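Notes follow once the structure below has been shown.
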Amino acid sequence: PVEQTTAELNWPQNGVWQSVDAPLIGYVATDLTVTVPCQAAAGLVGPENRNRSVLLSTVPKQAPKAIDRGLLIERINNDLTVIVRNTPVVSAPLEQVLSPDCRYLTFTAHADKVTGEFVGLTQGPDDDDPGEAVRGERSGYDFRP
């Protein structure tokens, strides 16, 4: 056996809602878990007039190979979408994100499968089997941002 020193990056340790640098040598983290209250989305949705694009991202948004390497929980058009690598995990219109007041977004990154979900929300007549949770999961590729 050998004595390891386990490390974990946490976001409530800032106290104030703000960005923090943590560049990883081995590009991806063993596992991540993102939990965000849906009512927090107001800071970028609520204005309409403002330019605050990303809720949180594991890559600075304006880097050209960003929407290709990492995770971005952001407002795109009239929707709040979750994009990991180049594929979009989940998608919910900004109205349904805040207006029902019974929602929150969760997301996890694992080597076997990457998953996100708009908990408490159900999507109508479309790709999502109507009534089933606004979820999205992708496997058969290491999608870790």
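Each residue of the sequence shown is one higher than the one before, starting from 37 at the first, in the authors' numbering.
Note that beta-carbon positions come from the ideal geometry of N, C-alpha and C, so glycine has one too.
Contact test: residue i Cβ vs the ligand HEM heavy atom, cutoff 6 Å
i          : result
residue 65 : Among the components of this structure there are no ligands whatsoever, and the ligand HEM is therefore not found.
In DSSP terms, what residue i is bridged to
i           : result
residue 149 : 175
residue 73  : 140
Backbone CA spacing between residue i and residue j [nearest angstrom]
i           : j           : result
residue 166 : residue 113 : 23 Å
residue 82  : residue 128 : 15 Å
residue 41  : residue 68  : 18 Å
Cβ pair residue i, residue j closer than 7 Å
i           : j           : result
residue 126 : residue 181 : no
residue 106 : residue 90  : no
residue 157 : residue 72  : no
residue 145 : residue 178 : no
Residues of its chain near residue i, where Cβ-Cβ distance is below 6 Å and the 5 sequence neighbours each way are ignored
i           : result
residue 110 : 89, 90
residue 160 : 166
Other residues of its chain near residue i: CB distance less than 8 Å, five sequence neighbours each side excluded
i          : result
residue 50 : 56
Q: Report yes or no: do the stretch 49-59 and the stretch 130-140 share at least 3 C-beta pairs separated by less than 8 Å?
A: no
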